[PDB]
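Everything below belongs to target-v1.pdb, which stores PDB, C-alpha atoms and all ligand atoms.
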```
MODEL        1
ATOM      1  CA  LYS A 494      72.779 125.574  93.895
ATOM      2  CA  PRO A 495      69.705 123.914  92.353
ATOM      3  CA  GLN A 496      66.720 125.786  93.806
ATOM      4  CA  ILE A 497      63.626 123.700  94.569
ATOM      5  CA  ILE A 498      60.266 124.946  93.306
ATOM      6  CA  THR A 499      57.795 122.194  94.232
ATOM      7  CA  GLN A 500      58.558 120.038  97.258
ATOM      8  CA  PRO A 501      57.190 116.545  97.890
ATOM      9  CA  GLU A 502      54.117 116.586 100.097
ATOM     10  CA  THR A 503      53.196 114.014 102.720
ATOM     11  CA  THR A 504      50.632 111.579 101.320
ATOM     12  CA  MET A 505      48.685 108.379 101.982
ATOM     13  CA  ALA A 506      48.098 105.423  99.647
ATOM     14  CA  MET A 507      45.962 102.285  99.628
ATOM     15  CA  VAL A 508      47.824  98.984  99.595
ATOM     16  CA  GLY A 509      48.109  97.589  96.093
ATOM     17  CA  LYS A 510      47.700 100.942  94.366
ATOM     18  CA  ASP A 511      50.382 103.188  92.871
ATOM     19  CA  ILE A 512      51.420 106.469  94.449
ATOM     20  CA  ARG A 513      53.962 109.195  93.646
ATOM     21  CA  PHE A 514      56.154 111.936  95.082
ATOM     22  CA  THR A 515      57.245 114.939  93.036
ATOM     23  CA  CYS A 516      59.927 117.559  93.566
ATOM     24  CA  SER A 517      60.965 120.114  90.969
ATOM     25  CA  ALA A 518      63.978 122.417  90.795
ATOM     26  CA  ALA A 519      65.803 124.805  88.438
ATOM     27  CA  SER A 520      69.518 125.637  88.342
ATOM     28  CA  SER A 521      70.867 129.157  87.924
ATOM     29  CA  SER A 522      73.114 127.662  85.231
ATOM     30  CA  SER A 523      72.738 125.298  82.264
ATOM     31  CA  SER A 524      74.801 122.547  83.901
ATOM     32  CA  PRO A 525      72.925 119.203  84.042
ATOM     33  CA  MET A 526      71.050 118.194  87.213
ATOM     34  CA  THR A 527      70.864 114.766  88.867
ATOM     35  CA  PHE A 528      67.857 113.669  90.914
ATOM     36  CA  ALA A 529      67.948 111.255  93.836
ATOM     37  CA  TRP A 530      65.489 109.912  96.368
ATOM     38  CA  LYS A 531      66.548 108.604  99.765
ATOM     39  CA  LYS A 532      64.055 106.648 101.908
ATOM     40  CA  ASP A 533      64.748 106.634 105.672
ATOM     41  CA  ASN A 534      68.248 107.917 104.778
ATOM     42  CA  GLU A 535      68.965 104.985 102.449
ATOM     43  CA  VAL A 536      68.517 105.420  98.689
ATOM     44  CA  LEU A 537      66.535 103.166  96.421
ATOM     45  CA  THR A 538      68.818 101.645  93.856
ATOM     46  CA  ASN A 539      66.729 100.107  91.068
ATOM     47  CA  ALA A 540      64.227 102.913  91.741
ATOM     48  CA  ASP A 541      61.405 103.978  89.416
ATOM     49  CA  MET A 542      62.020 107.617  88.501
ATOM     50  CA  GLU A 543      60.510 109.668  85.693
ATOM     51  CA  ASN A 544      61.691 113.117  84.637
ATOM     52  CA  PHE A 545      59.853 116.030  83.055
ATOM     53  CA  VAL A 546      60.892 119.452  81.831
ATOM     54  CA  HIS A 547      58.836 122.670  81.842
ATOM     55  CA  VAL A 548      59.434 125.624  79.551
ATOM     56  CA  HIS A 549      58.501 128.791  81.438
ATOM     57  CA  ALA A 550      59.068 132.011  79.501
ATOM     58  CA  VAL A 555      63.514 129.295  83.106
ATOM     59  CA  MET A 556      64.073 125.563  82.685
ATOM     60  CA  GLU A 557      62.350 123.798  85.589
ATOM     61  CA  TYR A 558      62.964 120.038  85.807
ATOM     62  CA  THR A 559      60.457 117.836  87.682
ATOM     63  CA  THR A 560      61.209 114.377  89.019
ATOM     64  CA  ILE A 561      58.661 111.752  89.974
ATOM     65  CA  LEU A 562      59.343 108.831  92.263
ATOM     66  CA  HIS A 563      56.959 106.051  91.293
ATOM     67  CA  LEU A 564      55.980 103.600  94.000
ATOM     68  CA  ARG A 565      54.154 100.856  92.105
ATOM     69  CA  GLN A 566      51.865  98.393  93.938
ATOM     70  CA  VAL A 567      52.483  99.768  97.422
ATOM     71  CA  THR A 568      52.999  97.460 100.406
ATOM     72  CA  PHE A 569      53.637  98.058 104.110
ATOM     73  CA  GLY A 570      57.351  97.865 103.336
ATOM     74  CA  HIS A 571      57.040 101.097 101.360
ATOM     75  CA  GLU A 572      55.992 102.871 104.537
ATOM     76  CA  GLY A 573      58.563 105.443 105.599
ATOM     77  CA  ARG A 574      59.978 108.946 105.258
ATOM     78  CA  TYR A 575      61.075 110.128 101.785
ATOM     79  CA  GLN A 576      63.318 112.973 100.578
ATOM     80  CA  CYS A 577      64.546 114.303  97.230
ATOM     81  CA  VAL A 578      68.174 115.273  96.573
ATOM     82  CA  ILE A 579      69.176 117.369  93.574
ATOM     83  CA  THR A 580      72.822 117.642  92.554
ATOM     84  CA  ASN A 581      74.645 119.721  89.923
ATOM     85  CA  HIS A 582      78.262 120.865  89.528
ATOM     86  CA  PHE A 583      77.764 123.485  92.258
ATOM     87  CA  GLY A 584      76.234 121.685  95.249
ATOM     88  CA  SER A 585      73.377 119.461  96.454
ATOM     89  CA  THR A 586      69.933 120.634  97.522
ATOM     90  CA  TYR A 587      67.822 118.736 100.045
ATOM     91  CA  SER A 588      64.026 118.665 100.053
ATOM     92  CA  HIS A 589      61.360 118.499 102.724
ATOM     93  CA  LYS A 590      60.733 115.108 104.263
ATOM     94  CA  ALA A 591      57.437 113.525 103.134
ATOM     95  CA  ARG A 592      55.840 110.691 105.126
ATOM     96  CA  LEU A 593      54.161 107.796 103.332
ATOM     97  CA  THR A 594      51.528 105.819 105.210
ATOM     98  CA  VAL A 595      49.308 103.047 103.882
ATOM     99  CA  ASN A 596      45.584 102.179 103.824
ATOM    100  CA  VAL A 597      43.794  98.856 103.885
ATOM    101  CA  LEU A 598      40.098  98.745 103.024
ATOM    102  CA  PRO A 599      37.911  97.168 105.771
ATOM    103  CA  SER A 600      36.759  93.566 105.260
ATOM    104  CA  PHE A 601      34.000  91.834 107.268
ATOM    105  CA  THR A 602      34.900  88.808 109.383
ATOM    106  CA  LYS A 603      31.505  88.558 111.091
ATOM    107  CA  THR A 604      28.193  89.836 109.753
ATOM    108  CA  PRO A 605      24.759  90.009 111.394
ATOM    109  CA  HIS A 606      22.056  87.745 109.979
ATOM    110  CA  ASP A 607      18.252  87.944 109.904
ATOM    111  CA  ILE A 608      16.652  86.676 113.141
ATOM    112  CA  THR A 609      13.156  86.336 114.592
ATOM    113  CA  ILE A 610      12.928  87.045 118.290
ATOM    114  CA  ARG A 611      10.204  87.330 120.969
ATOM    115  CA  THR A 612       9.476  90.368 123.121
ATOM    116  CA  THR A 613      11.251  90.822 126.481
ATOM    117  CA  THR A 614      14.107  88.533 125.358
ATOM    118  CA  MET A 615      17.649  89.585 124.431
ATOM    119  CA  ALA A 616      18.720  89.945 120.792
ATOM    120  CA  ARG A 617      22.341  89.463 119.789
ATOM    121  CA  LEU A 618      24.073  90.941 116.719
ATOM    122  CA  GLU A 619      27.593  89.962 115.696
ATOM    123  CA  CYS A 620      29.736  92.317 113.598
ATOM    124  CA  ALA A 621      33.508  92.596 113.136
ATOM    125  CA  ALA A 622      36.057  93.787 110.567
ATOM    126  CA  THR A 623      39.803  93.906 109.901
ATOM    127  CA  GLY A 624      41.816  96.554 108.118
ATOM    128  CA  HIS A 625      44.452  99.207 108.589
ATOM    129  CA  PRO A 626      43.958 101.233 110.565
ATOM    130  CA  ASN A 627      41.476  99.204 112.621
ATOM    131  CA  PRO A 628      37.944 100.176 111.579
ATOM    132  CA  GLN A 629      35.274 101.678 113.824
ATOM    133  CA  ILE A 630      31.870  99.969 113.860
ATOM    134  CA  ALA A 631      28.696 102.046 113.561
ATOM    135  CA  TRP A 632      25.037 101.058 113.592
ATOM    136  CA  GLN A 633      21.783 102.188 111.974
ATOM    137  CA  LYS A 634      18.161 101.096 112.139
ATOM    138  CA  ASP A 635      16.152 101.736 108.969
ATOM    139  CA  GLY A 636      18.830 104.182 107.807
ATOM    140  CA  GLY A 637      18.836 106.417 110.869
ATOM    141  CA  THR A 638      19.583 106.878 114.545
ATOM    142  CA  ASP A 639      16.209 107.659 116.073
ATOM    143  CA  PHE A 640      15.542 104.055 117.036
ATOM    144  CA  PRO A 641      14.366 102.883 120.470
ATOM    145  CA  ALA A 642      17.229 100.541 121.472
ATOM    146  CA  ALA A 643      19.705 103.388 121.111
ATOM    147  CA  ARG A 644      17.456 106.164 122.429
ATOM    148  CA  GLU A 645      16.548 103.984 125.439
ATOM    149  CA  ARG A 646      20.145 102.846 126.101
ATOM    150  CA  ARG A 647      19.247  99.145 125.722
ATOM    151  CA  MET A 648      21.857  98.345 123.114
ATOM    152  CA  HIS A 649      25.354  97.456 124.216
ATOM    153  CA  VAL A 650      28.527  95.692 123.150
ATOM    154  CA  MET A 651      30.705  93.010 124.749
ATOM    155  CA  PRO A 652      34.150  94.507 125.538
ATOM    156  CA  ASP A 653      36.540  92.157 123.673
ATOM    157  CA  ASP A 654      34.381  89.719 121.701
ATOM    158  CA  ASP A 655      32.747  91.983 119.061
ATOM    159  CA  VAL A 656      29.177  91.054 120.026
ATOM    160  CA  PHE A 657      26.360  93.596 120.202
ATOM    161  CA  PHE A 658      23.168  92.925 122.094
ATOM    162  CA  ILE A 659      19.808  94.455 122.870
ATOM    163  CA  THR A 660      18.069  93.897 126.207
ATOM    164  CA  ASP A 661      14.274  93.728 126.690
ATOM    165  CA  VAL A 662      13.225  93.629 123.052
ATOM    166  CA  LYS A 663      10.311  95.978 122.314
ATOM    167  CA  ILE A 664       8.000  95.602 119.327
ATOM    168  CA  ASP A 665       9.398  98.863 117.900
ATOM    169  CA  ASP A 666      12.886  97.328 117.765
ATOM    170  CA  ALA A 667      11.838  95.420 114.668
ATOM    171  CA  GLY A 668      13.381  96.695 111.453
ATOM    172  CA  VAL A 669      16.471  96.618 109.285
ATOM    173  CA  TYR A 670      19.741  97.110 111.165
ATOM    174  CA  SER A 671      22.804  98.253 109.191
ATOM    175  CA  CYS A 672      26.313  97.560 110.397
ATOM    176  CA  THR A 673      28.960  99.955 108.977
ATOM    177  CA  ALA A 674      32.757  99.523 109.223
ATOM    178  CA  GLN A 675      34.816 102.633 108.380
ATOM    179  CA  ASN A 676      38.422 103.833 108.347
ATOM    180  CA  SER A 677      40.470 106.334 106.372
ATOM    181  CA  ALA A 678      40.321 104.086 103.282
ATOM    182  CA  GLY A 679      36.578 103.524 102.942
ATOM    183  CA  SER A 680      33.372 102.000 104.241
ATOM    184  CA  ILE A 681      31.515  98.743 103.972
ATOM    185  CA  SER A 682      28.122  97.756 105.335
ATOM    186  CA  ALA A 683      25.851  94.786 105.975
ATOM    187  CA  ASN A 684      22.102  94.542 106.652
ATOM    188  CA  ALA A 685      20.161  92.317 109.010
ATOM    189  CA  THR A 686      16.392  92.286 109.488
ATOM    190  CA  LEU A 687      15.199  91.914 113.051
ATOM    191  CA  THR A 688      11.652  90.543 113.302
ATOM    192  CA  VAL A 689       9.888  90.733 116.659
ATOM    193  CA  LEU A 690       6.943  88.578 117.690
ATOM    194  CA  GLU A 691       4.794  88.320 120.820
ATOM    195  CA  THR A 692       2.702  85.460 122.142
ATOM    196  CA  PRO A 693      -1.016  86.269 122.548
ATOM    197  CA  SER A 694      -2.030  87.596 125.942
ATOM    198  CA  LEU A 695      -4.860  89.446 127.596
ATOM    199  CA  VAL A 696      -4.688  93.193 128.219
ATOM    200  CA  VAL A 697      -7.492  93.413 130.748
ATOM    201  CA  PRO A 698      -8.605  90.245 132.606
ATOM    202  CA  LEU A 699     -11.815  88.537 131.502
ATOM    203  CA  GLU A 700     -14.159  88.539 134.504
ATOM    204  CA  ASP A 701     -17.094  86.262 135.346
ATOM    205  CA  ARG A 702     -20.486  87.893 134.903
ATOM    206  CA  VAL A 703     -23.930  87.384 136.384
ATOM    207  CA  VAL A 704     -26.991  88.876 134.698
ATOM    208  CA  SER A 705     -30.754  88.491 134.825
ATOM    209  CA  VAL A 706     -33.009  87.155 132.085
ATOM    210  CA  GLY A 707     -33.703  89.916 129.585
ATOM    211  CA  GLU A 708     -30.679  92.025 130.508
ATOM    212  CA  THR A 709     -27.654  92.568 128.261
ATOM    213  CA  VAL A 710     -24.179  91.232 128.929
ATOM    214  CA  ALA A 711     -20.872  92.351 127.359
ATOM    215  CA  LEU A 712     -17.650  90.352 127.310
ATOM    216  CA  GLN A 713     -14.488  92.013 126.122
ATOM    217  CA  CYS A 714     -11.400  90.113 125.038
ATOM    218  CA  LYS A 715      -8.766  92.734 124.295
ATOM    219  CA  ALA A 716      -5.909  90.658 122.909
ATOM    220  CA  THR A 717      -2.342  91.698 122.149
ATOM    221  CA  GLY A 718       0.551  89.964 120.487
ATOM    222  CA  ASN A 719       2.241  89.985 117.129
ATOM    223  CA  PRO A 720       1.051  88.989 114.655
ATOM    224  CA  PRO A 721      -2.366  90.309 115.798
ATOM    225  CA  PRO A 722      -4.094  87.225 117.216
ATOM    226  CA  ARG A 723      -7.237  85.805 115.654
ATOM    227  CA  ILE A 724     -10.014  85.637 118.239
ATOM    228  CA  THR A 725     -12.541  82.801 118.349
ATOM    229  CA  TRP A 726     -15.357  82.451 120.912
ATOM    230  CA  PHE A 727     -16.674  79.234 122.471
ATOM    231  CA  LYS A 728     -19.597  78.282 124.725
ATOM    232  CA  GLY A 729     -18.869  75.147 126.672
ATOM    233  CA  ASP A 730     -16.357  73.423 124.416
ATOM    234  CA  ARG A 731     -18.206  74.040 121.157
ATOM    235  CA  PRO A 732     -17.888  77.138 118.954
ATOM    236  CA  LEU A 733     -20.315  79.927 119.817
ATOM    237  CA  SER A 734     -23.530  79.673 117.810
ATOM    238  CA  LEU A 735     -24.636  83.224 116.981
ATOM    239  CA  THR A 736     -28.222  84.487 116.989
ATOM    240  CA  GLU A 737     -30.094  87.725 116.351
ATOM    241  CA  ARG A 738     -29.261  88.505 119.986
ATOM    242  CA  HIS A 739     -25.513  88.053 119.629
ATOM    243  CA  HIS A 740     -23.216  90.828 118.441
ATOM    244  CA  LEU A 741     -19.524  90.964 117.584
ATOM    245  CA  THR A 742     -17.144  93.727 116.583
ATOM    246  CA  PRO A 743     -15.155  92.958 113.420
ATOM    247  CA  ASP A 744     -12.011  92.220 115.506
ATOM    248  CA  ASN A 745     -14.144  89.813 117.582
ATOM    249  CA  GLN A 746     -12.895  91.484 120.772
ATOM    250  CA  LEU A 747     -16.211  92.706 122.132
ATOM    251  CA  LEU A 748     -19.004  90.150 122.487
ATOM    252  CA  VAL A 749     -22.460  91.369 123.363
ATOM    253  CA  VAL A 750     -25.527  89.278 124.065
ATOM    254  CA  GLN A 751     -28.843  91.142 124.278
ATOM    255  CA  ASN A 752     -32.000  89.748 125.935
ATOM    256  CA  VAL A 753     -30.134  87.065 127.854
ATOM    257  CA  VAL A 754     -31.911  83.727 128.153
ATOM    258  CA  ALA A 755     -31.462  80.629 130.355
ATOM    259  CA  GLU A 756     -29.761  78.786 127.490
ATOM    260  CA  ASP A 757     -27.077  81.530 127.447
ATOM    261  CA  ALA A 758     -25.694  80.528 130.856
ATOM    262  CA  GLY A 759     -22.379  78.670 130.809
ATOM    263  CA  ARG A 760     -18.635  79.118 130.265
ATOM    264  CA  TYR A 761     -17.592  81.519 127.521
ATOM    265  CA  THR A 762     -14.096  80.873 126.255
ATOM    266  CA  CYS A 763     -11.972  83.369 124.411
ATOM    267  CA  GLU A 764      -9.411  81.696 122.172
ATOM    268  CA  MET A 765      -6.490  83.836 120.971
ATOM    269  CA  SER A 766      -4.105  82.438 118.359
ATOM    270  CA  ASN A 767      -1.202  83.401 116.139
ATOM    271  CA  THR A 768       1.825  81.615 114.661
ATOM    272  CA  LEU A 769       3.496  81.515 118.089
ATOM    273  CA  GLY A 770       0.802  79.761 120.085
ATOM    274  CA  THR A 771      -2.639  79.930 121.649
ATOM    275  CA  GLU A 772      -3.826  81.419 124.910
ATOM    276  CA  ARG A 773      -7.327  81.126 126.387
ATOM    277  CA  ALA A 774      -9.416  83.253 128.721
ATOM    278  CA  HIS A 775     -12.620  82.089 130.364
ATOM    279  CA  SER A 776     -15.740  83.799 131.591
ATOM    280  CA  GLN A 777     -18.539  82.128 133.531
ATOM    281  CA  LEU A 778     -21.890  83.659 132.658
ATOM    282  CA  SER A 779     -24.513  82.950 135.299
ATOM    283  CA  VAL A 780     -28.149  83.765 134.713
ATOM    284  CA  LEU A 781     -30.708  84.711 137.341
ATOM    285  CA  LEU A 782     -33.898  82.949 136.369
ATOM    286  CA  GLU A 783     -37.297  84.233 137.533
ATOM    287  CA  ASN A 784     -39.356  81.667 135.636
ATOM    288  CA  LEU A 785     -38.346  79.251 132.864
ATOM    289  CA  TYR A 786     -41.759  79.189 131.144
TER     290      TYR A 786
HETATM  291  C1  LIG B 801      20.787  97.561 103.119
HETATM  292  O1  LIG B 801      19.603  98.196 103.611
HETATM  293  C2  LIG B 801      19.284  99.424 102.945
HETATM  294  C3  LIG B 801      18.073  99.990 103.646
HETATM  295  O2  LIG B 801      17.213  98.947 104.087
HETATM  296  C4  LIG B 801      19.047  99.163 101.456
HETATM  297  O3  LIG B 801      18.806 100.396 100.786
HETATM  298  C5  LIG B 801      20.248  98.456 100.842
HETATM  299  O4  LIG B 801      19.970  98.089  99.495
HETATM  300  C6  LIG B 801      20.594  97.207 101.646
HETATM  301  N1  LIG B 801      21.784  96.563 101.107
HETATM  302  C7  LIG B 801      21.823  95.268 100.768
HETATM  303  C8  LIG B 801      23.133  94.768 100.232
HETATM  304  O5  LIG B 801      20.843  94.537 100.889
ENDMDL
END
```
Take the structure in this file and express it as structure tokens.
Amino acid sequence: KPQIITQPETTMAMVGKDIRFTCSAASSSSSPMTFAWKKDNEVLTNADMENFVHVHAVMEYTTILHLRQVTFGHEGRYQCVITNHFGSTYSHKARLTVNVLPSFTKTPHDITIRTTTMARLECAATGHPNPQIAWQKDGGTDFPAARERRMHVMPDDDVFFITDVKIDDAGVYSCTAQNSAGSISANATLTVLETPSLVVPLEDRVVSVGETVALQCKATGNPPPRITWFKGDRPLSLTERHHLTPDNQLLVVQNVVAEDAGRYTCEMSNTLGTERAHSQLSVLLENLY
């Protein structure tokens, strides 16, 4: 009749680390006690046990089963058995399961993509139990591809993709793999560009000598396109009568003159390419001299 005080509790351990089970008992008598541990109903001979004694004023003896450098083979159901000259006491059964920290097999890398195309992000990890993959943009969740349900994943090939890439999709994306052991994460910067284009069409104009004409070239694209104006096929020579906004988008010519007639070309460029828009300016002449 050795009466158990502390019973071994079910626990989890990471592979490679040490773990321990403890049960402690105290006999009604002073007859010596013997501790045993039986895994899956088969004892460990050559087992690593360590024994302690407590002096409560009762002599409580504690036994510790050391499991050094745990592997998957250590996985099982453990129990402590205490024997004296009276009888044997049996403890609760404690389960031991094992962890393996997640390790990346595929990480996303920095890419530069155009608008309206499809961006692909690879990300996979091993580990026990199998890790779940989570995503972040700039450290959060309020990002357009998620909010607009445009981000998806291939079913069995571990590939994430975004359809119809917006400008606001650009930023740092963080891939995070997590299980019951821990978390790891990898960054990838998505950079989104757009070829230059015209917002509103550039229309032909017809004005009379002395009137004022205005040509607007509202250009989009990323990076913001540099705008250059041309008359004929030479760069536009500016006068006191010519006006430009700093962005060069609005071109105004006051007091139009016969020499002003001709084709005005709007040239929009960035690192992706160049687009052009044309406007024919016709002038209604009353008298040349
Ligand atoms: C991942 O990105 C976050 C936020 O951009 C940053 O704080 C962290 O240092 C990055 N980690 C690495 C390894 O670059």
If we count all atoms listed in the file, what is near residue 710 in chain A at a cut-off of 9 Å, once residues fewer than 5 positions away on the same chain are taken out, given as a PyMOL selection string?
chain A and resi 702-704+748-753+778
Write the selection just made, keeping C-alpha atoms, as a short mmCIF file (atom, residue, chain, number, x, y, z; two decimals), in the frame of the given file?
```
data_model
loop_
_atom_site.label_atom_id
_atom_site.label_comp_id
_atom_site.auth_asym_id
_atom_site.auth_seq_id
_atom_site.Cartn_x
_atom_site.Cartn_y
_atom_site.Cartn_z
CA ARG A 702 -20.49 87.89 134.90
CA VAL A 703 -23.93 87.38 136.38
CA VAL A 704 -26.99 88.88 134.70
CA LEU A 748 -19.00 90.15 122.49
CA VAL A 749 -22.46 91.37 123.36
CA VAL A 750 -25.53 89.28 124.06
CA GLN A 751 -28.84 91.14 124.28
CA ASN A 752 -32.00 89.75 125.94
CA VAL A 753 -30.13 87.06 127.85
CA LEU A 778 -21.89 83.66 132.66
#
```
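Closest approach to residue 784 in chain A among A:742, A:533, A:707, A:722: A:707, based on only C-alpha atoms.
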Write out as a ChimeraX atom specification each polymer residue (protein, DNA or RNA) that has an atom no more than 7 Å from ligand LIG 801 (chain B), with all atoms listed in the file counted.
/A:635-636,669,671,683-684
Decode the PyMOL selection byres (((chain A and resi 539-557) around 12) and not hetatm) for the given file into explicit residues and return them as an mmCIF file with C-alpha atoms, keeping the file's coordinate frame.
```
data_model
loop_
_atom_site.group_PDB
_atom_site.id
_atom_site.type_symbol
_atom_site.label_atom_id
_atom_site.label_comp_id
_atom_site.auth_asym_id
_atom_site.auth_seq_id
_atom_site.Cartn_x
_atom_site.Cartn_y
_atom_site.Cartn_z
ATOM 1 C CA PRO A 495 69.705 123.914 92.353
ATOM 2 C CA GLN A 496 66.720 125.786 93.806
ATOM 3 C CA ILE A 497 63.626 123.700 94.569
ATOM 4 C CA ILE A 498 60.266 124.946 93.306
ATOM 5 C CA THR A 499 57.795 122.194 94.232
ATOM 6 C CA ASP A 511 50.382 103.188 92.871
ATOM 7 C CA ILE A 512 51.420 106.469 94.449
ATOM 8 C CA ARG A 513 53.962 109.195 93.646
ATOM 9 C CA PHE A 514 56.154 111.936 95.082
ATOM 10 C CA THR A 515 57.245 114.939 93.036
ATOM 11 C CA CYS A 516 59.927 117.559 93.566
ATOM 12 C CA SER A 517 60.965 120.114 90.969
ATOM 13 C CA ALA A 518 63.978 122.417 90.795
ATOM 14 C CA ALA A 519 65.803 124.805 88.438
ATOM 15 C CA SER A 520 69.518 125.637 88.342
ATOM 16 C CA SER A 521 70.867 129.157 87.924
ATOM 17 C CA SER A 522 73.114 127.662 85.231
ATOM 18 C CA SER A 523 72.738 125.298 82.264
ATOM 19 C CA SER A 524 74.801 122.547 83.901
ATOM 20 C CA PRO A 525 72.925 119.203 84.042
ATOM 21 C CA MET A 526 71.050 118.194 87.213
ATOM 22 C CA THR A 527 70.864 114.766 88.867
ATOM 23 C CA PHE A 528 67.857 113.669 90.914
ATOM 24 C CA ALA A 529 67.948 111.255 93.836
ATOM 25 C CA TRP A 530 65.489 109.912 96.368
ATOM 26 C CA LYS A 531 66.548 108.604 99.765
ATOM 27 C CA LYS A 532 64.055 106.648 101.908
ATOM 28 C CA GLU A 535 68.965 104.985 102.449
ATOM 29 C CA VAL A 536 68.517 105.420 98.689
ATOM 30 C CA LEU A 537 66.535 103.166 96.421
ATOM 31 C CA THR A 538 68.818 101.645 93.856
ATOM 32 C CA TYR A 558 62.964 120.038 85.807
ATOM 33 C CA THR A 559 60.457 117.836 87.682
ATOM 34 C CA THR A 560 61.209 114.377 89.019
ATOM 35 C CA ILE A 561 58.661 111.752 89.974
ATOM 36 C CA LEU A 562 59.343 108.831 92.263
ATOM 37 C CA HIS A 563 56.959 106.051 91.293
ATOM 38 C CA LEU A 564 55.980 103.600 94.000
ATOM 39 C CA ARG A 565 54.154 100.856 92.105
ATOM 40 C CA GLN A 566 51.865 98.393 93.938
ATOM 41 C CA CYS A 577 64.546 114.303 97.230
#
```
Tell me, as a PyMOL selection string, which residues lie within 7 Å of residue 699 in chain A, counting all atoms listed in the file; anything in the same chain fewer than 6 positions away does not count.
chain A and resi 713-714+774-776
Which residue, A:729, A:626, A:599, A:501, has the smallest gap to residue 682 in chain A when you use all atoms listed in the file?
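Of the candidates, the smallest distance to residue 682 in chain A is held by A:599.
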Select, from A:588, A:709, A:596, A:675, the residue with the minimum atom-to-atom distance to residue 739 in chain A, counting all atoms listed in the file.
A:709
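Taking CA of residue 777 in chain A as the reference point, CA of residue 700 in chain A is found at 7.8 Å.
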Residues near range 601-609 of chain A, anyone? I mean within 7 Å using only C-alpha atoms, not counting same-chain ones fewer than 6 positions away, as a PyMOL selection string.
chain A and resi 618-623+683+685-689
At a cut-off of 8 Å, using only C-alpha atoms, what residues contact residue 503 in chain A? Leave out same-chain residues fewer than 6 positions from it and give the result as JSON, numbers by chain.
{"A": [590, 591, 592, 593]}
Could you please take those selected residues and save C-alpha atoms as a tab-separated table (two decimals), keeping the file's coordinate frame?
```
chain	number	residue	atom	x	y	z
A	590	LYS	CA	60.73	115.11	104.26
A	591	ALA	CA	57.44	113.52	103.13
A	592	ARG	CA	55.84	110.69	105.13
A	593	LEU	CA	54.16	107.80	103.33
```
Within 10 Å of residue 659 in chain A, counting all atoms listed in the file, which residues qualify if same-chain residues fewer than 5 places away don't, as an MDAnalysis selection string?
chainID A and resid 613:618 642:643 646:650 666
Straight-line distance linking CA of residue 679 in chain A with CA of residue 631 in chain A, stated in Å to one decimal
13.3 Å
Take the PyMOL selection byres (((chain A and resi 771) around 12) and not hetatm), run it mentally on this structure, and tell me the resulting residues as a ChimeraX atom specification.
/A:691-695,716-718,721-725,763-770,772-774
Written selection (C-alpha atoms) as a PDB file, in the coordinates of the input:
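Produced file selection-v5.pdb, reproduced below:
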```pdb
ATOM      1  CA  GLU A 691       4.794  88.320 120.820  1.00  0.00           C
ATOM      2  CA  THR A 692       2.702  85.460 122.142  1.00  0.00           C
ATOM      3  CA  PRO A 693      -1.016  86.269 122.548  1.00  0.00           C
ATOM      4  CA  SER A 694      -2.030  87.596 125.942  1.00  0.00           C
ATOM      5  CA  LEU A 695      -4.860  89.446 127.596  1.00  0.00           C
ATOM      6  CA  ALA A 716      -5.909  90.658 122.909  1.00  0.00           C
ATOM      7  CA  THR A 717      -2.342  91.698 122.149  1.00  0.00           C
ATOM      8  CA  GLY A 718       0.551  89.964 120.487  1.00  0.00           C
ATOM      9  CA  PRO A 721      -2.366  90.309 115.798  1.00  0.00           C
ATOM     10  CA  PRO A 722      -4.094  87.225 117.216  1.00  0.00           C
ATOM     11  CA  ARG A 723      -7.237  85.805 115.654  1.00  0.00           C
ATOM     12  CA  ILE A 724     -10.014  85.637 118.239  1.00  0.00           C
ATOM     13  CA  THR A 725     -12.541  82.801 118.349  1.00  0.00           C
ATOM     14  CA  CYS A 763     -11.972  83.369 124.411  1.00  0.00           C
ATOM     15  CA  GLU A 764      -9.411  81.696 122.172  1.00  0.00           C
ATOM     16  CA  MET A 765      -6.490  83.836 120.971  1.00  0.00           C
ATOM     17  CA  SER A 766      -4.105  82.438 118.359  1.00  0.00           C
ATOM     18  CA  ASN A 767      -1.202  83.401 116.139  1.00  0.00           C
ATOM     19  CA  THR A 768       1.825  81.615 114.661  1.00  0.00           C
ATOM     20  CA  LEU A 769       3.496  81.515 118.089  1.00  0.00           C
ATOM     21  CA  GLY A 770       0.802  79.761 120.085  1.00  0.00           C
ATOM     22  CA  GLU A 772      -3.826  81.419 124.910  1.00  0.00           C
ATOM     23  CA  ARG A 773      -7.327  81.126 126.387  1.00  0.00           C
ATOM     24  CA  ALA A 774      -9.416  83.253 128.721  1.00  0.00           C
TER      25      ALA A 774
END
```
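Across the model, the gap from CA of residue 505 in chain A to CA of residue 567 in chain A is 10.5 Å.
Between residue 727 in chain A and the candidates A:705, A:612, A:762, A:629, the tightest atom-to-atom separation, counting only C-alpha atoms, involves A:762.
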For residue 785 in chain A, which of A:711, A:735, A:706, A:656 is the closest residue, counting only C-alpha atoms?
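Looking at the shortest contact to residue 785 in chain A, the residue is A:706.
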For the provided coordinates, the residues matched by the PyMOL selection byres (((chain A and resi 757) around 9) and not hetatm) should be stated as a PyMOL selection string.
chain A and resi 728+750+753-756+758-759+778-780
